[PDB]
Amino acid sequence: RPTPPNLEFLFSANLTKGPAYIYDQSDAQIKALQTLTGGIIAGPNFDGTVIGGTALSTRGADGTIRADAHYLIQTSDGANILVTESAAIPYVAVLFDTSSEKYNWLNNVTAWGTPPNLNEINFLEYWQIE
């Protein structure tokens, strides 16, 4: 019997976004760019704010949405962390890059998040998977 990975609560994000700018409209799919204008990061590991970032999404006529994003967290104690998201919406996979010694452990983390309330898509809870 394969052994499943362990899940540990990592952080939450309460994001603010600009309007979705559709650049590729067709009967088959809509592709958009959306700015991440800010956000609150909370949790037992790091808290802080989202400085900025961009999301690219493709919304299929079939209801499938694939999104890729980068955004920059700045922690309360001044560390910069790049967040790399890849999603099969509403499921979001996450990688991290930082040279902060306090937060360096995130360079080895795969995380995963989803909005706990699918009526509030800009509030996500993320889990460390290992």
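The first residue of the shown sequence is 1; numbering continues from there.
Asker: Of the two stretches 83 to 91 and 42 to 50, which shows the higher Cα B-factor on average in the entry?
Answerer: Going by the record's values, the stretch with the higher mean is 42 to 50.
Asker: Which one, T58, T98, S76, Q34, has the peak C-alpha temperature factor per the PDB entry?
Answerer: Within the set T58, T98, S76, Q34, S76 shows the top C-alpha B-factor.
Asker: Test of reading the entry: by CA B factor among the chain's modelled residues, which third contains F11?
Answerer: CA B-factor rank for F11: highest third.
Asker: Compare the C-alpha B factor of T110 with those of the other modelled residues in its chain, then answer lowest, middle or highest third.
Answerer: CA B-factor rank for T110: lowest third.
Asker: Split the chain's modelled residues into thirds by Cα B-factor; is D62 in the lowest, middle or highest one?
Answerer: Its C-alpha B-factor belongs to the middle third of this chain's values.
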